[PDB]
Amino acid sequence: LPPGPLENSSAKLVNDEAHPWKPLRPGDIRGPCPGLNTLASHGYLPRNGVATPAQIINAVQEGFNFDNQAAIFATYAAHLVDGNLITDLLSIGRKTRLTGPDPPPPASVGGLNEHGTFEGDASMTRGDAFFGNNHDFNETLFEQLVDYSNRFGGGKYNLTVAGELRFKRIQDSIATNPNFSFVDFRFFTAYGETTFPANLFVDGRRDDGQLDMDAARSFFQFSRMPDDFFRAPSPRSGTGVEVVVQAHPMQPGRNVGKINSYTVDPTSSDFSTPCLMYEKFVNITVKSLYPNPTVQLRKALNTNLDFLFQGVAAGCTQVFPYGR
């Protein structure tokens, strides 16, 4: 079952004796998410980077005070498209045999590194998959985050910086990635993720939304909490995303096999249709990976789809691609 919210959601030391940072061992997996990477590298998750959905939800709440609804939606979305539904295991990075025997194609069970399922283009500190690596920390891109922080944040990363950098990354992908895709699920996640460093990597004793560059590097590059790091003082995820969107409002779309060909997609969800993003994710994305599942997979799909729906904002109607 999906874990419930924290019983005590106060700020507290999370870089503590029970959760020390350790370097990677051979075989340890890290991926495109600095939050999950940091939780693995402090032992909030298994240090090898393979975890159950329940482990992930507990870790993001306990270590960072990620809110329960957001934790549930993100975790089960990722698990449905990137995880093994029979073994209940998900890699936070590359595809691995450690998630167990694979389902039939076209399901990939590729981990969070799988491009175009959860992971996608115009990430802040990771390159687009077209350029050869969608998961490793990129120093040039991080230095650009530093530059934007210097220009728009007085040297700190905040929501103003996020609004400018988010747009810059989009414009850079339009100009250079002929396969750039920015629709549906990625269109939503790309905006919310830009708020996370301001909401969740800021020491919770301050919680002022101003992330210093030393802390930013520690999380983004080294998957490491600052010495004496306190988590946020209340549950949150994407609060202030409105600021990021308002800076440079965009329509969902894609380049069409050439640079500088960004073409709006009217069949995409956008922020005016959040229930459509959920419905397409289930009806198109999940269904295409598992078009005619065998009995044990159908059962696992339906269970995880029920859990996914628990993280969907009230107002939306549940959809049932495999029946009830």
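Residue numbers here begin at 1 and follow the sequence given.
**Student:** Quick one: higher average CA temperature factor, 103-111 or 250-258?
**Tutor:** Per the deposited B-factors, the answer is 103-111.
**Student:** Averaging C-alpha B-factors over each stretch, which comes out higher, 93-101 or 173-181?
**Tutor:** Mean B over CA atoms: larger for 93-101.
**Student:** Determine which member of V286, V60, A40, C33 has the highest CA B-factor, using the values in the deposited entry.
**Tutor:** Among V286, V60, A40, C33, the highest C-alpha B-factor in the entry belongs to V286.
**Student:** When the CA B-factors of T294, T263, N65, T52 are compared as recorded in the entry, which is the largest?
**Tutor:** The listed residue with the largest C-alpha B-factor is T294.
**Student:** For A190, does the deposited CA B-factor place it in the lowest, middle or highest third of the chain?
**Tutor:** It falls in the middle third of the chain.
**Student:** Sorting the chain's modelled residues by C-alpha B-factor, tell me whether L145 ends up in the lowest, middle or highest third.
**Tutor:** Its C-alpha B-factor, which the entry lists for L145, ranks in the lowest third among residues of this chain.
**Student:** Place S237 in the lowest, middle or highest third of its chain's C-alpha B-factors, as listed in the PDB entry.
**Tutor:** Middle third.
**Student:** For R151, does the deposited CA B-factor place it in the lowest, middle or highest third of the chain?
**Tutor:** Answer is highest: the recorded C-alpha B-factor places it there.
**Student:** Determine, from the deposited record, the chain-internal third of the Cα B-factor for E119: lowest, middle or highest.
**Tutor:** According to the entry, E119 has a C-alpha B-factor in the chain's lowest third.
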